[PDB]
Amino acid sequence: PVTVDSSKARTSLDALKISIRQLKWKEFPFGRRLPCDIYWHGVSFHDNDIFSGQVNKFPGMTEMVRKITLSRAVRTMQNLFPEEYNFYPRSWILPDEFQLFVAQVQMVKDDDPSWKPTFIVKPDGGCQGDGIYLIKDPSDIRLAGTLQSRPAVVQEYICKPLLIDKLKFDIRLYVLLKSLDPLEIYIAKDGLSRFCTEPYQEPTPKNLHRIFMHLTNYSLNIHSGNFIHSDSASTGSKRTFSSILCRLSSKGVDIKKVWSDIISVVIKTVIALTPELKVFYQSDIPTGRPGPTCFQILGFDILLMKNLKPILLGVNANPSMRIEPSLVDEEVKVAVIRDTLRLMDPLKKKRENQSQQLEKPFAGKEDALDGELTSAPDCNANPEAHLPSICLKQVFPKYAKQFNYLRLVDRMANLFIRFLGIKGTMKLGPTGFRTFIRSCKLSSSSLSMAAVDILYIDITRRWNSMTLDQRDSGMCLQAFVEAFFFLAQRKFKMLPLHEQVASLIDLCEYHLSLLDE
Amino acid sequence: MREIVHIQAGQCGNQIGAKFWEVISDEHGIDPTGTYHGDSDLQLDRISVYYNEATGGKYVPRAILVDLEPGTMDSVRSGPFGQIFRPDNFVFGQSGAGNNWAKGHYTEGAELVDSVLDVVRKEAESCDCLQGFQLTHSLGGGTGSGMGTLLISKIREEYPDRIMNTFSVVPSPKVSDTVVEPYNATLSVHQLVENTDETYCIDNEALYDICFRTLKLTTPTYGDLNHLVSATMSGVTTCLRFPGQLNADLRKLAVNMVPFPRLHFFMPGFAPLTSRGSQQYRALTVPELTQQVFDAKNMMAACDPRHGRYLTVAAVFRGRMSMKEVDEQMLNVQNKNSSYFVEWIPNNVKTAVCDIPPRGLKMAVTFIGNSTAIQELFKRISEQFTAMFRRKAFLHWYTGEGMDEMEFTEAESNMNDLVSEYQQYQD
Ligand SMILES: CC(=O)O[C@H]1C(=O)[C@@]2(C)[C@H]([C@H](OC(=O)c3ccccc3)[C@]3(O)C[C@H](OC(=O)[C@H](O)[C@@H](NC(=O)c4ccccc4)c4ccccc4)C(C)=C1C3(C)C)[C@]1(OC(C)=O)CO[C@@H]1C[C@@H]2O
Ligand SMILES: Nc1nc2c(ncn2[C@@H]2O[C@H](COP(=O)(O)CP(=O)(O)OP(=O)(O)O)[C@@H](O)[C@H]2O)c(=O)[nH]1
Ligand SMILES: [Mg+2]
């Protein structure tokens, strides 16, 4: 039987336990000394020292789902692909990009006097809607106090969402990341729709302070007097996403296109956020050393606009899996964890390999003799026949025609760990850059070693000063992305940006292939 | 203000540091018991640079003494200027790492860098505004090279803003007391390229040449060599301790001294140096001082500067002198020996002047030169390393402590890369 460790499940404990009982798997509530097949953590991958098996936490996802890191990756991709990545409203990082935000707002206001934008300020470390407020002018930012040292994100507020029963609602969708190499993403067929407790109105200075009508957080709306707890999946402040989709279809709305674009934005977020996870995986689980496999369940927050265009709000590495009982929460979450566990039973690969081996035909020396009445018993019953169908549909990671050119930063992410070196340090030193330059032969008469060193020093200094901590000894991945962008700008002049970077990647790969050959 | 942390590793580092502390304590009027008995007020105005002030106006030197063999530590304790070091500042091991770079860097010295870093952090936080770290060690041994590289890397990982100037002894071609010393030397140059800001190179052959020719000394022991190294060490950091007219600190020296990030392998010298039977037939003047400091023989590195071009030179005069003499004479140096300086950088000389002279003297100079000929000081080592590689010799003593073969090739290749970098600008 498969052994699952639930000592660190936390809010995912109960929803897992029934699932564990649904698969007839046997549990360790308090853990054990011997290695376990599957380890289920709740918050951090470093909860337990795991050397083998499977863990429900990819390394470092606590930091990636933070607002500033996701925003940085999103702007990187928007520079790479503006049209595709338009689902994320424009964002600024405070206090680093306050001047740029003010200048941009002033220039757009001068261009369009009638422009009356609404911005929303959200703390990086703030959760459950704490510290999130609304502003209409850059001067409205509270810059007097001791709480302004914390980095924050100012985002363009979606003033026109879809309204159901005059209530603006958000969608929490459970997405499974199975592996990074090869990439495997699965999307649940149902989610949780969380509704506001007050009727929605366009943002005005008279109702900015009204958080109930502007924030869809469950922890904030539960304290409101208008919150309704209903056992039905189509009523109350918390409903099933399938019910909302079917009500939408009842008005003649093509739900298939809606689902297609939800899938598109989910996959786009995962691919935009993957390369730093590969870097973190290499840092924490070096190649050639024993280590467990990793997967994750992520809670994607999507605001569905009235024109059916999704907007990706927050992303959570540790979504609330608590089912308390709530019929909707149980029905969604328990099924999600059951499908998660079924997708990664350690014996499924062995069973499939054995079945494939047993199907090889033995042909030769035909010779027949009679046999009488030996009825073979039906010893092929599916152990999962009693289980419900998996709602985490196998959405093709290899979309190809739908998604093939999006792999640009992911494609060149391997160059970083190629020159990383020994022990998997998070940063790349000057020797790594100079070896990269000498290996891919980017240096020439125009670009000598002094210019390369100057570029490295400037980029490293800028990115070290950008972070809250001022040490940042070395170069992170985003700084490497900036350096690659500069190098690709230098070569292949008078060419589109998509053609650029890609051309430099091709040239670097050709030179590397020559080097190893 | 501007405090400097001192670290000593290995036998040579410990002995040179002991001589260095004896030399400084004479200059600041410190007794071997810690009390101050001095004549000039200026001495006790920046004792905070090298010394912490304990109770009863007793000044404790800010030094850390590390080694993997206990015996040398006793030698430091039971000597002159020996009961001044802090008792807890002696961090030591059991076996002296042999001549194994791997033992010091990886296996037996790794369980001691934690304690050394603890003492380093404790010292570095009782300082008002740290300036940098200076370390005395000897490439070619086991504890010196290995422990110094490990410590230096682990400190630049934590303080990637301070100045790391290293006074290191390099293997010599004639004098040699070890058979596996090229291995350690090659395994360490690489770590010194990307982890230090200034690197002063010293060889015992050059010091013996100075003691045999300039001073005419019968039996030059290690004491005289340590004395010369202490003299040049004290002379570099003088514009931080005493006042003058053209004060230049370590960072100013680095800015005027290092044109490219990897080009920080200097070569030292100390100008006023005469026998004991000739100090009356020579006048101690600025011309004579600047003529002796640029003499090829009066150089503490075993590389002939005539075989290369000086990238840049810095001189730090101490005493009461006129600016005009200094500027005129060290402009005339670069009109005569014009072929020995590169042309793409005009004005290849940095001049500082400190008012107070060394005790017992009237004028003294410390010379620091960055010239391409230092490539030879590395080139020879590579040759030796090569001879010990194709017929792999003594490699099992290194591969038996976890070091892979690939590390040797990478370190060697980095050494030829640095040599080629130094060579390309000369032509
Ligand atoms: C009879 C006489 O004149 O003796 C002098 C002296 O002037 C001579 C012999 C000294 C003397 O130096 C040596 O003989 C010597 C031999 C081997 C290794 C090192 C030194 C002297 O030892 C050195 C000493 O110099 C100092 O005191 C300097 O300050 C020097 N040393 C010390 O401060 C010191 C302190 C404690 C213990 C030992 C030395 C110094 C210079 C710059 C920076 C820091 C320190 C002096 C005046 C003498 C003697 C005593 C013979 C010389 O000193 C130096 C290194 O500049 C060697 O050539 C110079 C000038 C003279 O010829
Ligand atoms: N100029 C000086 N050179 C020295 C002195 N003591 C040793 N040496 C030289 O330094 C070189 C390295 O010898 P050490 O034993 O000091 C090196 P280390 O302490 O790293 O070796 P282990 O203690 O065996 O680990 C060697 O050539 C010695 O002759 C000294 O006081 N002055
Ligand atoms: Mg020893």
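See the structure above.
Right, let's walk through the structure included here. All residue numbers are counted from 1 along each chain's written sequence and may depart from the entry's numbering; residues that have no coordinates are not represented. All chains are assigned letters beginning with A, and all ligands numbers beginning with 1, in the order in which they are written. Scope of values: the displayed chains only, which are part of a larger assembly. Computation of side-chain values covers all heavy atoms of the structure but excludes hydrogens and water.

1. Re the overall build of chain B
Then, number 1: Put simply, DSSP marks the helices as runs of H or I at least four residues long and the strands as runs of E at least two long, and each gets a number from the N terminus on. Across its full length, chain B carries 14 helices and twelve strands.
Then, number 2: As a reference, a globule follows 2.2 Å times the number of residues to the power 0.38, and the radius of gyration itself is taken over C-alpha atoms. Against the 2.2 N^0.38 benchmark of 22 Å for 427 residues, chain B shows a C-alpha radius of gyration of 21 Å, consistent with a compact globule.
Then, number 3: In terms of overall dimensions, chain B has a C-alpha envelope of 60 × 60 × 45 Å along the principal axes.
Then, number 4: Summary of the burial criterion: residues with accessible area below 20% of their type's maximum are buried, those above 50% are exposed, and those between are partly exposed, where the area comes from a 1.4 Å probe applied to protein chains only. Split into buried and exposed, the 427 residues of chain B put 55% on the buried side.
Then, number 5: Restricting the contact set of chain B to residue pairs at least 6 apart, pairs at least 24 apart contribute 80%.
Then, number 6: Per-residue and other accessible areas follow the Shrake-Rupley method at a 1.4 Å probe size, with only the shown protein chains counted as cover for residues. Accessible area of chain B: about 18000 Å², with a carbon and sulfur share of 51%.
Then, number 7: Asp and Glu are treated as the negative residues and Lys and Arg as the positive ones, with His and the ends of the chain left uncounted. To locate a charge, the coordinates of NZ of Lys, CZ of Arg, CG of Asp or CD of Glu are taken. Placing the 37 positive and 52 negative side-chain charges of chain B at their respective mean positions leaves the two points 6 Å apart. Between two residues, a contact is recorded if the distance between any of their heavy atoms is within 4.5 Å.

2. Overview of the sheet that holds strand β6 (residues 119-123) of chain A
Residue and element names in this part refer to chain A.
Then, number 1: Two strands qualify as a pair provided that DSSP identifies no fewer than 2 bridges between them. What the four strands build is an open sheet, ordered β5-β8-β6-β7; its pairing is antiparallel. Only two strands of the sheet have a single neighbouring strand rather than two, namely β5 (91-94) and β7 (133-135). Averaged over neighbouring strand pairs, the angle between their axes works out to 25° when direction is ignored.
Then, number 2: As judged from the five bridges shared by β6 and strand β8 (residues 152-156), these two strands associate in the antiparallel manner. Each bridged residue has a counterpart across the sheet, and for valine 121 the counterpart in β8 is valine 154.
Then, number 3: Note on geometry: axes are lines fitted to C-alpha atoms, helical ones only across the stretch in contact, with angles between N-to-C directions running from 0 to 180 degrees. Contacting β5, β6 and β8, helix α3 (residues 67-80) crosses the sheet at an angle of about 135° to β5.
Then, number 4: Set on the sheet, helix α4 (residues 98-111) makes contact with β5, β6 and β8; between it and β5 the angle comes to about 140°.

3. With respect to the interface of chain A and chain B
Then, number 1: Across the contact, five residues belong to chain A and eight residues belong to chain B.
Then, number 2: Carbon and sulfur atoms supply 46% of the area buried between chain A and chain B, which totals about 650 Å² over both sides.
Then, number 3: Two parts placed together each lose some accessible area under a 1.4 Å probe, and the buried area is that loss summed for both. When the buried surface of chain A facing chain B is broken down by residue, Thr431, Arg438 and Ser473 of chain A rank first, second and third, together holding 52% of it.
Then, number 4: The term salt bridge refers to a side-chain nitrogen of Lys or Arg lying within 4 Å of a carboxyl oxygen of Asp or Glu. Where chain A meets chain B, there are one salt bridge.
Then, number 5: Across the pair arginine 438 of chain A and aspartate 417 of chain B runs a salt bridge whose closest N-O atoms are separated by 2.9 Å.
Then, number 6: What qualifies as a polar contact is a pair of N or O atoms within 3.5 Å, subject to a donor-acceptor requirement within protein and to the restriction that residues adjacent in sequence count only when both atoms come from side chains. On inspection of chain A and its partner chain B, the count reaches two residue pairs in polar contact.
Then, number 7: Per element, the largest residue contribution to the side of chain A that touches chain B is three residues, and it comes from helix α11 (residues 430-440) of chain A.

4. Some thoughts on a nonpolar patch on the surface
Then, number 1: There is a patch of nonpolar side chains on the surface, built from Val179, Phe394 and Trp397 of chain B and spanning about 360 Å² of accessible area.
Then, number 2: By relative accessible area, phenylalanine 394 of chain B is classed as partly exposed at 38%. Residues forming no salt bridge and having over 30% relative accessible area are the ones grouped into patches, like charges within 9 Å of each other and nonpolar side chains (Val, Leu, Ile, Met, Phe, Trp, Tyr) within 5 Å.

5. Here's the deal with the site of ligand 1
Residue and element names in this part refer to chain B.
Then, number 1: A single heavy atom is enough: if one lies within 4 Å of a molecule or strand, its residue is considered near that molecule or strand. The full set close to ligand 1 counts 19 residues, and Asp26, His227, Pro272, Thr274 and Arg359 are the nearest of them.
Then, number 2: A distance of 3.1 Å is found between an oxygen atom of ligand 1 and a backbone nitrogen or oxygen belonging to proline 272.
Then, number 3: Separating an oxygen atom of ligand 1 from a backbone N or O atom of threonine 274 is a distance of 3.1 Å.
Then, number 4: Burial of ligand 1 by the protein amounts to 74% of the accessible area it has alone, namely 960 Å².
Then, number 5: If you tally residues by element for the shell around ligand 1, the top one is helix α8 (residues 222-236), at five residues.
Then, number 6: The nonpolar class holds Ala, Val, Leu, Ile, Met, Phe, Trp, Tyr, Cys and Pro. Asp, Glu, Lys and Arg form the charged class, and all remaining residues, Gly among them, are polar. Of the residues that constitute the shell around ligand 1, the class distribution is nine nonpolar, five polar and five charged.
Then, number 7: Domain start and end points were adopted from an automatic or database domain assignment. Built from parts of two domains, the shell around ligand 1 gets at least three residues from each of domain 1 (1-259) and domain 2 (260-373).

6. Considerations on helix α1 (residues 13-22) of chain A
Residues and elements named next belong to chain A.
Then, number 1: Within the span of α1, buried status applies to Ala15, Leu16, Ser19 and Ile20. Buried residues in α1, looked at end-on, bunch into an arc of 135°, giving them a common side.
Then, number 2: Each element contacted by the buried residues of α1 is listed here: β1 (3-8), β2 (26-28), β3 (38-41) and α8 (327-343).
Then, number 3: One or two positions beyond α1, positive phi appears at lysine 24, with a value near 55°. When we speak of the arc, we mean the arc of directions from the helix axis to the C-beta atoms.

7. What about the nonpolar core?
Then, number 1: Only buried residues count toward a nonpolar core, which is a set of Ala, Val, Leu, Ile, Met, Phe, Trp, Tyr and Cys residues joined through side-chain atoms within 4.5 Å. Grouped together as the largest cluster of nonpolar side chains are 97 residues, with contacts concentrated most on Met61, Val266, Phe433 and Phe436 of chain A.
Then, number 2: The element contributing the most residues to this core is helix α7 (residues 255-284) of chain A, with 13 residues.

8. What about the site of ligand 2?
Residues and elements named next belong to chain B.
Then, number 1: Not every one of the 16 residues close to ligand 2 is listed here, only the nearest: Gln15, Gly96, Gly98, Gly144 and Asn204.
Then, number 2: One of the side-chain nitrogen or oxygen atoms of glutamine 15 is found 2.7 Å away from an oxygen atom of ligand 2.
Then, number 3: One nitrogen or oxygen atom from the main chain of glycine 142 is found 3.5 Å from an oxygen atom belonging to ligand 2.
Then, number 4: Going through the elements one at a time, α1 (10-27), α5 (143-156) and α8 are the ones with two or more residues in the shell around ligand 2.
Then, number 5: Here the shell around ligand 2 takes four residues from α1, the largest share from any one element.

9. Some details on unusual backbone geometry
Residue and element names in this part refer to chain A.
Then, number 1: The amide bond that connects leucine 94 to the next residue, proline 95, takes the cis arrangement and shows omega of 0°.
Then, number 2: Here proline 95 is to be found in the loop between β5 and α4.
Then, number 3: Here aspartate 165, not a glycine, exhibits a phi torsion of approximately 55°, which is positive.
Then, number 4: Structurally, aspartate 165 can be placed in the loop between β9 (163-164) and β10 (167-180).
Then, number 5: Judged by relative accessible area, which is 54%, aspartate 165 ranks as exposed.
Then, number 6: One non-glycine residue, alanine 400, adopts positive backbone phi at about 55°.
Then, number 7: With respect to the element layout, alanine 400 can be found in the loop between β17 (392-393) and α10 (409-418).

Remember, this is a structural readout, not a statement about activity or role.
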